[PDB]
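Q: Dropping the structure in here first, questions after.
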Amino acid sequence: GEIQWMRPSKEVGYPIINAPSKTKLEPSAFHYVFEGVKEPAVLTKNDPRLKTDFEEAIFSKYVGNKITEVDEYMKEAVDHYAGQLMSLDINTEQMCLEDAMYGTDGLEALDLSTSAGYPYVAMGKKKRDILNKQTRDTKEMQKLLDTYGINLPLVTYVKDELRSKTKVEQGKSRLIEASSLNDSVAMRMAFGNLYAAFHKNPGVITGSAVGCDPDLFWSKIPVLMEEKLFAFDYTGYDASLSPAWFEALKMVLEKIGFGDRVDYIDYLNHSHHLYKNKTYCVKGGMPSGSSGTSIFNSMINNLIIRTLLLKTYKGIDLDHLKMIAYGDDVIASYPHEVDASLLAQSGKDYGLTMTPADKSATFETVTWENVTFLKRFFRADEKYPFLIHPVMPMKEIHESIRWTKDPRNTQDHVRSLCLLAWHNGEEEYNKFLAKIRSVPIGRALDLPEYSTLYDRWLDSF
Ligand code: NA
């Protein structure tokens, strides 16, 4: 991705967009009970903690576009992935406005807490005022679609979240590029059934895990993998995507029956954004807050891995490439050992910056013992080995419990953390609960004991 130009929104007929300048994150009742070093991300250029220009830092993710056209290796990757998706018999029919708005099997209703984007954010009109779950009324939306149309500017917001001291000082805050409610709705009508098919089929056929439930899905992953695992991290995946990758995605959609609306992908590829009082045009780069962002990033990841394997290992049998992606995150396998370092070398030529899995200093062999997916390790249950525990290290959990964004949600926040933590074992889980109950706020919470969560886990299969 590359920013073509940027300048005052008034010069192109757009208004100044207001965005909060203060974080909602504040120390929680457990701030001094657990260890942690993360703090709220910088949200404004005048943050005292900054040690470099803010705006330059937040837009530096657009490293440019390395490739222009789709080459032979990419075309082969497209044919293979599309062929694989064809076995799913995905309903290519457009989804009706009602379901696209309020959900159906395999697709949750539109989130009412998220931004409605332009022009609603500038008119002070919110989602609450447009849709109603109890009625499932589409009349208001339809009128708004007819009035403002589609392909509207995406509104940029700085993401309010925790980050390492370094990322804070370097102004490396992540951004939310929110599609207008009109575009979100239009894209869900266009691809709603595709989204549902992926959500209902996490695995090695879709090569996707979006919509998955880790507590249950972890036991299914090992059986789908080939003998030798391989993986790697990407540096700024979304923003590094060149226009050619969007064209390859369109080719896949055409081959599976959605050639009808590949134009929606152009909206993602060549897009314009509003940030404060400026407007900018980007060539390439996947927007972070658009309908289908995670699914399309996942599909493209399937294309990327296939392309690099074909380019690096002529004669590779892609029918034995078994991979599962969640956006840029991926767990992959092949019957034979492959060199991730070599694949990373080939990736540079395609505009992708690939590094050792989980921040390793060097590319090491990936094993069931050290592999992670969505930050979770895989550990067989001591009593019933066929049941696989998704294990997220206590470090992330401790960092999280030390802050709050609304005291009213303390109970939900802590329970969510308990659902992740117990997989670390009874000894660790009990220590976690004891620390929580060392302060008044923690003692007033209703939290499940270990045996309760273990029994609930067994009963969920
Ligand atoms: Na873009």
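Residue numbering: from 1, along the chain as shown.
Each Cβ is built from the backbone N, Cα and C atoms, and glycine gets one as well.
This is the feature table in Swiss-Prot:
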- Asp233, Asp328: Mg(2+) 1 binding site (BINDING)
- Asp233, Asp328: Mg(2+) 2 binding site (BINDING)
Q: Which of the three DSSP states, helix, strand or coil, fits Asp328 (Mg(2+) 1 binding site)?
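A: Looking at the DSSP assignment, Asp328 (Mg(2+) 1 binding site) belongs to neither helix nor strand, so coil.
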Q: Using Cβ atoms only, which residues of the same chain lie under 8 Å from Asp328 (Mg(2+) 1 binding site) while being at least 6 residues apart in sequence?
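A: Long-range Cβ contacts: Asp233, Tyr234, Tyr237, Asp238, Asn297, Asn301.
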Q: Can you tell me how many other Cβ atoms are located within 10 Å of the Cβ belonging to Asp233 (Mg(2+) 1 binding site)?
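A: So the Cβ neighbour count for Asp233 (Mg(2+) 1 binding site) comes to 17.
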